[PDB]
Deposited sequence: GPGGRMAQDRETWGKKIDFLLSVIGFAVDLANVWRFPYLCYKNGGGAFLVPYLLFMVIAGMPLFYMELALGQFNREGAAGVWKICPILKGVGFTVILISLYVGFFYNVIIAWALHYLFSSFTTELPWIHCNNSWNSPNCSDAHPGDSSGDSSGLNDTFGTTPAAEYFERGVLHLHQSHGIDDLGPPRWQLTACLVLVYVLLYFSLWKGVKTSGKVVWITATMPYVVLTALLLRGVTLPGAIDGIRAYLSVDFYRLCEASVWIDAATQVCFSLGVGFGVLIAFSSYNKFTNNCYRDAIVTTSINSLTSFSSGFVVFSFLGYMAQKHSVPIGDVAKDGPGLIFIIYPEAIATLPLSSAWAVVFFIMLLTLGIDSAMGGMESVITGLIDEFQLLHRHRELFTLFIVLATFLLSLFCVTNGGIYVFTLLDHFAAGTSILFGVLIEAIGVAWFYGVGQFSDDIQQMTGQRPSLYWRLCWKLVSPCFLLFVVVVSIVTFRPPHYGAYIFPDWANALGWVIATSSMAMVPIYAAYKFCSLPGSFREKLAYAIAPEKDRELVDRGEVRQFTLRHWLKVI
């Protein structure tokens, strides 16, 4: 049987929008806007989005749609550079070991909200230390009843001495995790017919909840101060070299490229689809969602800062668990706080689940495409992948699970994402040929891309990605959680996994070069030439050997 397609185009659009829209998308852009700049942070962000943010999205969508294969089989245009598909598959697999525990924490918090007394209001109970002090006129948000609850009565962090004292897993978090994985499996087992229909609810509820919170948040005292702090113009901030680095890193990391998800999602699209309009619409929606969500979150942050009589700089911080500490404290003061907590955690759960589903779907699709023996049994392979991910994600459930979560979050994606994106971009734009790519896009859609797209694909994007990779590998900082310093072997293991996700390109390159028969010239010709050019290569007319193809744009 031939490849199946999306039931409706709205399914594909909602799938990509839901995967791209993330919990980090809600916070990262507004936090960066407040930290350096404000209204002046939109200049570097928009500049980099135009220069090298849209071309990568468009190229990934077009490649996936035209080649009609997953992340690994899409590389018939350059067989030697096939290890990129395995690299992105490994990257997607690694991220699945802690996103699910994030969703499990959110789901556990959701269950403990159907009560008239939410268990983070006061601090007269069993799981609170005698150092509780919630003062309402030096860590002002440390030892808060909400923070103490999250750290002791949920995570049980105080019973671990570090990453060497994990201890047995907790059964409540394990039950939440198994519920999450059951949801994931039953949402991913029947191909894309049912995975594109479940997205209809998990990609439209967060917007409703965000609208409700914006309606509630604005009326709070001190919210206008938070919004003013969020959006304040300061053009002198553009003279520092850190604002541009932050903008470039955020543009690279918020797109969703590098996981091989957009290739698999667009692989099921019809051959006559219009990927240009789809890329434009998805990028615009994902960019505006961050703006609206920032309005909401900074209104709430301003209200909390006014309540605690502290500057907004102390409230606005980046860390794991602060989402479960500040806002739940803010929610409890409002009347009918149970409903607000319920909707808050429902929105969190949906935001997590859509992205986790997309990330697992990328791996499943790529591995199914690569090997034909698994194509006849998709449900069993999905069950095996889910079981493996669930077994390898049981470490974040233990008492010292926050340390493992921090290490994995620091090292899993890192520079590996940028290296994979750079390698795939340079491969597509140089080895295959930007002219051939434009011809394929014209055949697929009908209108050939203009000179701007070709220039951005060929010249600007590889240079921007290389600069991002270098600046990310130069300013590396070891991970930490509060006043905890990770052991040296933990950093070594993090670097080992980060390199292992990246060290598949040379391995496959060497294996493919040694496997092909002939001399050096024959091996190179069969390796670096497209599959469809086999007849020309046999005659001895390889286009890559000529330098005119290399210097063509």
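The deposited chain is incompletely modelled, with C-alpha atoms absent over 1-7, 145-154, 571.
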